[PDB]
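Breakdown of the fold
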Amino acid sequence: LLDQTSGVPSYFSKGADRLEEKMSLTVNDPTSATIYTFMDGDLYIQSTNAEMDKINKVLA
Amino acid sequence: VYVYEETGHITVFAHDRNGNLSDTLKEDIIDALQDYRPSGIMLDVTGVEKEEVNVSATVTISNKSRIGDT
Amino acid sequence: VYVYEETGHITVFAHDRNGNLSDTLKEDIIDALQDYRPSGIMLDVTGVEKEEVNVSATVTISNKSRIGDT
């Protein structure tokens, strides 16, 4: 993230920072976005193609 | 005077007897260090990071009659 | 010594009379350069690119009595 033109550390080398957003996988955290659900180690509901909540609500 | 060196920048810490750096004295230092600094290098002047230590002491004394303001 | 110069960077290639550059000698060179090097510019000291020529020579001699170790 330092100045690529100079390519060395220096007084003028530092600049803007970066916001990194790494995804991780959870088990039962309610705050996380659920992607799958299981009942006694068995899959609960499938979805063969793209999921769209608002669209599906209209279609229903 | 303490000189701290960095790549492409120079910063000069100075203080008077009191530990302060007046703006006028800062300008004088800058003007005098125009002739000294290298070409193509940046020079900056700053005050010394003064630290005023407050000291409350309790002094035990032997001669109680000599206790006074002086 | 060969001073190799770049924008904002200095490389000092140095060697002793054998062509080596020991760490103690490098530190001593650095310490001697503190007084001389320009302020605010990066400086680095490294050993020369030494090449180590082995030689094997076949030589013929006209007077063959002179052959020997001398």
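Whatever comes next refers back to the structure up there.
Residues numbered from 1 in each chain as written, not as in the entry; some residues may be left out. Chains lettered and ligands numbered in written order. Part of a larger assembly, values for the part shown. Heavy atoms only, no water.

**Concerning the overall build of chain A**
- Of the regular secondary structure elements, chain A holds one helix and two strands.
- Order of helices (α) and strands (β) in chain A, N terminus to C terminus: β-β-α.
- A globule of 60 residues ought to have a C-alpha radius of gyration of about 10 Å, yet chain A, at 22 Å, is considerably larger.
- Counting only C-alpha atoms, chain A reaches 60 × 30 × 20 Å along its principal axes.
- Expressed as a percentage of its 60 residues, the buried residues of chain A come to 2%.
- On chain A, roughly 6600 Å² of surface is accessible, and the fraction owed to carbon and sulfur atoms is 54%.
- Charge separation in chain A, taken as the distance between the mean sites of 5 positive and 9 negative side-chain charges, equals 10 Å. (Helix = DSSP H or I, 4+ residues; strand = E, 2+ residues; numbered from the N terminus. Rg over C-alpha atoms; globule rule 2.2 N^0.38 Å. Buried < 20%, exposed > 50% of the residue type's maximum accessible area, 1.4 Å probe, protein only. Areas by Shrake-Rupley, 256 points an atom, 1.4 Å probe, with all protein chains shown as cover. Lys, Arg positive; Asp, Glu negative; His and termini not counted. Charge placed at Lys NZ, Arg CZ, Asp CG, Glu CD.)

**A word on the environment of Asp31(C)**
- Tracing the backbone shows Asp31(C) in helix 1 (residues 23–33).
- Note: C-alpha distance between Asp31(C) and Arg66(C) (35 residues apart in sequence) is 54 Å.

**Some remarks on the arrangement of the chains**
- There are two pairs of chains in contact here; the most contacts are made by chains B and C.
- Considering only C-alpha positions, the minimal separation of the non-contacting chain A and chain C is 9 Å. (Contact = heavy atoms within 4.5 Å.)

**Regarding the interface of chain B and chain C**
- Listed as interface residues are seven residues of chain B and, on the opposing side, five residues of chain C.
- The three residues of chain B that bury the most area against chain C are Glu5(B), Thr7(B) and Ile41(B), which together make up 67% of that side's buried surface.
- At the boundary of chain B and chain C, one finds one salt bridge.
- Two residues, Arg37(C) and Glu5(B), come together in a salt bridge whose shortest N-O distance is 2.9 Å.
- Its residues assigned to classes, the side of chain B that touches chain C comprises three nonpolar, two polar and two charged. (Buried area = accessible area lost by both parts, 1.4 Å probe. Salt bridge = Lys/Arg side-chain N within 4 Å of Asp/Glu carboxyl O. Nonpolar A, V, L, I, M, F, W, Y, C, P; charged D, E, K, R; others polar.)

**Describing the packing of aromatic side chains**
- One pass over the full model with this rule turns up four aromatic pairs over all chains.
- A centroid spacing of 6.4 Å and a plane angle of 40° characterise the contact between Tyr2(B) and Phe13(B), whose relative ring orientation is tilted. Placement of the pair is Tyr2(B) in strand 1 (residues 2–6) and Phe13(B) in strand 2 (residues 9–14), with a sequence separation of 11 residues.
- For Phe13(B), a relative accessible area of 22% corresponds to the partly exposed category.
- Within the aromatic cluster, the residues linked to one another by ring pairs are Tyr2(C), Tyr4(C) and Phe13(C). (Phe/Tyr/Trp six-rings, centres within 6.5 Å; stacked < 30°, edge-to-face > 60°.)

**Some thoughts on the sheet that holds strand 1 of chain B**
All names here are of chain B.
- The sheet built from three strands is open, its strands ordered 1-2-3 with mixed pairing. Single-partner strands in this sheet number two, and they are strand 1 and strand 3 (42–47). Pairwise comparison of adjacent strand axes, ignoring direction, gives a mean angle of 20° for this sheet.
- Where strand 2 meets strand 3, six bridges bridge the pair, whose relative direction is parallel. Among the inter-strand pairings, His 9 is bridged to a residue of strand 3, identified as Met 42. (Pairing = 2+ DSSP bridges. Axes fitted to C-alpha atoms, helices over the stretch in contact; angles between N-to-C directions.)

**Structural notes on a nonpolar patch on the surface**
Residue and element names in this part refer to chain A.
- The grouping of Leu 25, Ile 35, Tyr 36, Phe 38 and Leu 43 at the surface amounts to a nonpolar patch, some 630 Å² of accessible area in total.
- Take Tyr 36: it is sitting in the segment before strand 1 (38–39).
- You can call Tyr 36 exposed: its relative accessible area is 55%. (Patch = residues over 30% accessible without salt bridge, like charges linked within 9 Å, V, L, I, M, F, W, Y side chains within 5 Å.)

**Description of the sheet that holds strand 1 (residues 2–6) of chain C**
Residue and element names in this part refer to chain C.
- The strand order across the open sheet formed by three strands is 1-2-3, and the pairing between neighbours is mixed. Two strands close off the open sheet at either side, each with one partner strand: strand 1 and strand 3 (42–47). The average undirected angle you get between the axes of adjacent strands in this sheet is 20°.
- The sheet contacts of helix 1 involve strand 2 (9–14) and strand 3, and relative to strand 3 the element is tilted by about 150°.

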